[PDB]
Amino acid sequence: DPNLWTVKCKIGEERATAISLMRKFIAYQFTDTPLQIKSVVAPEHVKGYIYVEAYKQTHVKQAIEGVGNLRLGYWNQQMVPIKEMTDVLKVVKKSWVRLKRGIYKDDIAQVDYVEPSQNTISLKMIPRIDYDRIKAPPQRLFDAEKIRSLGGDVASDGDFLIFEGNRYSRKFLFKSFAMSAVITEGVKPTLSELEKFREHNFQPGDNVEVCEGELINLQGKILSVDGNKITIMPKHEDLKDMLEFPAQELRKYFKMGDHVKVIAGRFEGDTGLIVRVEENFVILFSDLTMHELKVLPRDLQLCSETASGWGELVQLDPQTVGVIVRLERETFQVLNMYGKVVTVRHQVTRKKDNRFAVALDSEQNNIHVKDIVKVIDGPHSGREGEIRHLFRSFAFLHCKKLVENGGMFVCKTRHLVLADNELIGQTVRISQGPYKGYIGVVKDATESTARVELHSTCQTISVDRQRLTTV
Amino acid sequence: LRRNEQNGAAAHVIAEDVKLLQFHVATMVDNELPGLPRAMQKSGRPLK
Amino acid sequence: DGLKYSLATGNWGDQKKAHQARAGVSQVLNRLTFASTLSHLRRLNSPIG
Amino acid sequence: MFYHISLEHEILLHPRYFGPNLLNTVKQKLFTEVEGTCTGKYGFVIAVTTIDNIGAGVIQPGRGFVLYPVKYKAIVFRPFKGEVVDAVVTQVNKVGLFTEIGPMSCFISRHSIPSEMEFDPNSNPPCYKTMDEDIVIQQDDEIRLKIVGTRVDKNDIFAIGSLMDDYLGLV
DNA sequence: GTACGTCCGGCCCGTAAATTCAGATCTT
RNA sequence: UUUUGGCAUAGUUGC
DNA sequence: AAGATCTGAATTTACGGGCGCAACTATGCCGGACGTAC
């Protein structure tokens, strides 16, 4: 039987090469220079090269002669070994789609109306445009007022709108796109995309028990992980031999009073300790707060890292500074000196903190930052906190026991108790001293003396300002 | 190469990908390999 | 661009073939004295080879 | 628990402190340093009973500082797990009880308190009172609590006490 | 309808190992 | 209110 | 006696090092595709 030989081809032009070779064969099949090759293969997903079926390499070389697209495989060709010729032909494989071409590439598209014509479908999209303001971009909501104000290619029909290359929108882009230009299989969007429009998680080191089978109630530490049927290798108590368990047979059991973290859900990101393990309701206390958190056994993992649980000085405005008390995705929760917690945007300014600032307490004792001070008057009388930032007449106090605002509050300082030169770059004239008569330019100046670059001599000299007279 | 694994593509293409990966790693450690090209940045300059 | 490159750099041969290109053939003309310029213009080079 | 053990510490002496009273200065500086501190591996250190041997003062050859090794017999309290320990309740709160065991501050959590005890928010002195009134938990009372576990943070040990087991609490 | 402009795809030397020839301990 | 920066090729030159 | 094979001992290619520092000037990625504007 003949053999397949690899020939390097121009990328993106393999099917055209196959068509051209077929035409070449048919054109010369009756002439005195026949193509002795048998077939040409240009697979669908194999990009860069094609395959030629022949008994000889010389036949391949004499058959591809005159084809420029294969010139990079002309001098040398590589045979496909025998055992592997079955793999060249081996092939594998109100909804949501994702566009293939254009600026909306790989963007989620809610199939609004499917057209039975089998040419295009109507898709709901979030516009990635600059509203004809930068061009002469991330996903953001469609603003019809902005595109009406800026003008340009814009046609308005209330909530409906046509604009910028016949892009159609309503209230959100609503545009027809080719079905072959989108993917209908393997999108699987997330909850965030739902708003816009089982699972196994075992890790090494975690403790798991056995809920069923002849090996029941054996608790061991996870070694390896795989997808569905894990065939786990758990290090049980008082057993040197390693046994096998799938994911379904196991459960994330944890003994009382061990480090616990939450992988997902409402309680994700919080660390702490479990107190009593019931059949499935596992109750824990957080490291931050002493609130009861009840979790499923599967939503628990054994990690020994300390909780994260930040506190920067930011300028709410030039008349009032602010201290960040919580970091959020698009905002900062900031605590000012008034004691009012506010929610502000990311784009406040960073003020230069004065770590050497001195403040006076209620008893005329000097206090500084990182000083544990008791509050003896004001709204927060009775509490004790560590000074973190200072003002003319205010001081911010941190307290780990106080769960509000990460422990940050503020009190007035008096209700606490401790527990260039103008002459620079100016043409001057030395009117007195040994250097009299010389014109120069002032380099550096002080209260007493000033350096002068001497115009004439290759030297700079400092002299008293009383000896200088400006031109 | 990982893509060819997790889809389960052909094996000869995996072997050629392994060949080129081996070449790239060796050139990264040592850009002097007899009978093989020197690594270039698409500007005809040998890479350190 | 090839003539301009070769005379600008003194590498002789193709730009992509700078590995095998004889170098230093074209030099910046020396301007310190008239004698230096004249001696540079009448200079011969022996390659190692 | 309390142990009188020999420990190794290192002291950088500044050249100003040379002359007579050098070794006395090293003694005083050891006392200023080790005392009033807790460590994770060896717990609290209360006081140095004595100094066993002052090592040879090696001069660091870029600095002028002199490194002195010191062996010293000191008393250390190491809170261990699974021990009944005597304790004095120092603070009583809604969320839990704070007790002192020597230098150590033990926190008996609300769940760790037995369910036969309930906080008394109707009393001006807050307290955990039993349903049948056989023991009252207030500040400054002699109790015997079981250490559920020692927990170290910033090289300072706080443990959890429990009274679930018999023969615990006020006696 | 055409093209252009600009954003995405491609001499030594010593070693040192590989190549070549008579004991040797067999088989006859 | 106190900055900072290309690099790695070739040539030439000085002792 | 013979005949091996057969195992220690003369001859060919291949890396791979190749003076100190210091100073100066001198040069240094693009081609198809998709869209805008005219």
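Lettering follows sequence order; numbering is per chain, from 1. As a basis for the values below, the full set of heavy atoms in this structure was taken, side chains included, without hydrogen atoms, waters or symmetry mates.
The list of side chain to side chain donor-acceptor pair (under 3.5 Å) pairs with a residue in residues 152-161 of chain A, not counting sequence neighbours, reads A:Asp159-A:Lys171. Sorted pairs that involve residues 21-33 of chain C and meet salt bridge (charged side-chain N to carboxylate O under 4.0 Å, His left out), not counting sequence neighbours, are lacking altogether. For residues 344-358 of chain A, the pairs satisfying side chain to side chain donor-acceptor pair (under 3.5 Å) are A:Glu312-A:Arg350, A:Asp353-A:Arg355, with sequence neighbours left out.
Residues passing the salt bridge (charged side-chain N to carboxylate O under 4.0 Å, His left out) test with B:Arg38 are B:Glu32, sequence neighbours excluded. Residues meeting the salt bridge (charged side-chain N to carboxylate O under 4.0 Å, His left out) test with A:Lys412, sequence neighbours left out: none.
Distance B:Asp30 CG to G:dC15 P: 12 Å, rounded to the nearest Å. The interatomic distance linking B:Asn31 (CG) with G:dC15 (P) rounds to 15 Å, in whole Å. Look at CZ on B:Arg38: it is 21 Å from P on F:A8, rounded to the nearest Å. Rounding to whole angstrom units, CG of residue B:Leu47 and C1' of F:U9 are separated by 14 Å. The CG atom of B:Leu33 sits 11 Å away from the P atom of G:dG16 (whole-angstrom rounding).
Base-pair annotation: G:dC29 with F:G6 fails the Watson-Crick or G-U wobble criterion (two N/O distances, each under 3.5 Å). Using the rule of two distances under 3.5 Å, E:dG23 and G:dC6 do not count as a Watson-Crick or G-U wobble pair.
The P atoms of E:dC12 and G:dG31 are separated by 47 Å, rounded to the nearest whole Å. The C1' atoms of E:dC11 and G:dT25 are separated by 34 Å, rounded to the nearest whole Å.
With a 3.5 Å ceiling on both atom-pair distances, the Watson-Crick or G-U wobble partner of E:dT28 is G:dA1.
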Determine, for nucleotides 24-38 of chain G in 5'-to-3' order, which nucleotides have protein heavy atoms under 4.0 Å from the base (write B), from only the sugar-phosphate (write S), or from neither (write -). --SS-B------S--
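Defined by atom type and a distance below 3.5 Å, a donor-acceptor pair is present between the side-chain atoms of A:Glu115 and A:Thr120.
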